[PDB]
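Here are the chains, one letter per residue:
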Amino acid sequence: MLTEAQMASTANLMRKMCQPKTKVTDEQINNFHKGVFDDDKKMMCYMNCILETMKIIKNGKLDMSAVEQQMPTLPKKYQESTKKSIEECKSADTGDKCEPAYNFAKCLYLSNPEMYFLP
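Residues numbered from 1 in each chain as written, not as in the entry; some residues may be left out. Heavy atoms only, no water.

**Describing the pattern of salt bridges**
Next, step 1: This model, assessed by the stated rule, comprises 3 salt bridges.
Next, step 2: In this structure, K77 engages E4 in a salt bridge whose closest nitrogen and oxygen atoms are separated by 2.5 Å. Taken together, the residues span a long stretch of sequence, with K77 in helix α5 (residues 76-89) and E4 in helix α1 (residues 4-22) at a distance of 73 residues.
Next, step 3: Residue classification places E4 among the partly exposed positions, given a relative accessible area of 40%.
Next, step 4: A salt bridge links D40 to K42; the nearest nitrogen and oxygen atoms lie 2.7 Å apart.
Next, step 5: Judged by relative accessible area, which is 28%, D40 ranks as partly exposed.
Next, step 6: A residue is classified by how much of its surface remains accessible, and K42, at 30% relative accessible area, is partly exposed. (Salt bridge = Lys/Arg side-chain N within 4 Å of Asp/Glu carboxyl O. Helix = DSSP H or I, 4+ residues; strand = E, 2+ residues; numbered from the N terminus. Buried < 20%, exposed > 50% of the residue type's maximum accessible area, 1.4 Å probe, protein only.)

Below, the structure written as structure tokens:
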């Protein structure tokens, strides 16, 4: 099991890698975490980069195997909220190229804004 501090630290390291690769702006990322969804390609490709790095998205598709391995590494306060969100969002990975991860991410946020922890 991971602590919340390790989760925030690993999230920060993923952002440090994925933001320069995609040139998403700080405000675009900040908007996303408040439910303001910019479908600009940079925001979309950032979400693709993040979820590929987490191994949750592979070739534009939700990898339900990676989802199951990593659920036991979640802090228990996120375990229940994540299960419900993945169940609700497991077909939201629609579209082309970076769109599936972005659409999946928007779904995850809207299913439970308070428990959303993606970078």
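Additional details are given in the paragraphs that follow.
**A look at the environment of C45**
Next, step 1: Within the secondary structure layout, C45 lies in helix α3 (residues 41-53).
Next, step 2: Residues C45 and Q79 lie 34 residues apart in sequence; the distance between their C-alpha atoms is 27 Å.
Next, step 3: Discounting residues that sit within four places of it in the chain, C45 has contacts with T22 and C98. (Contact = heavy atoms within 4.5 Å.)

**Regarding helix α6 (residues 99-111)**
Next, step 1: Taking 1.5 Å of rise per residue, the 13 residues of α6 would be expected to cover 18 Å, and the 18 Å separating its terminal C-alpha atoms lies within 8% of that figure.
Next, step 2: Within α6, burial applies to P100, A101, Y102, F104, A105, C107, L108 and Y109.
Next, step 3: Summarising the contacts, the buried residues of α6 are in contact with α2 (26-32), α3, β1 (57-58), β2 (61-62) and α5. (Expected span 1.5 Å × (residues − 1).)

**Digging into the state of the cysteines**
Next, step 1: Within this structure, the stated rule accounts for 3 disulfides.
Next, step 2: One disulfide bridge connects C89 with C107, the sulfur atoms lying 2.0 Å from each other. Measuring the twist about the S-S bond at about -85 degrees, one finds the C89-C107 disulfide to be left-handed. Remark: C107 occurs in helix α6 and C89 occurs in helix α5; sequence separation between them is 18 residues. You'll find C89 and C107 in the same group, each marked buried. (Disulfide = S-S within 2.5 Å.)

**Some words on the packing of aromatic side chains**
Next, step 1: Under the definition given, this model contains 6 aromatic pairs.
Next, step 2: Between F37 and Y109 the ring centres are 5.8 Å apart and the planes differ by 85 degrees, which places this aromatic pair in the edge-to-face class. Linking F37 in the loop between α2 and α3 with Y109 in helix α6, this pair joins segments that are 72 residues apart in sequence.
Next, step 3: For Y109, a relative accessible area of 10% gives the class buried.
Next, step 4: Taken together through their ring pairs, the aromatic side chains of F32, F37, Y102, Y109 and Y116 make up a single cluster. (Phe/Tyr/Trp six-rings, centres within 6.5 Å; stacked < 30°, edge-to-face > 60°.)

**Comments concerning the nonpolar core**
Next, step 1: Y46, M47, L51, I56, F104, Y116 and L118 are the most contacted members of the largest nonpolar core, which totals 35 residues.
Next, step 2: Apart from residues no more than four positions distant in its own chain, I56 is found in contact with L51, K61, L62, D63, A66, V67, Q70 and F104. (Core = buried A, V, L, I, M, F, W, Y, C linked by side-chain atoms within 4.5 Å.)

Coordinates in, geometry out; function isn't part of it.
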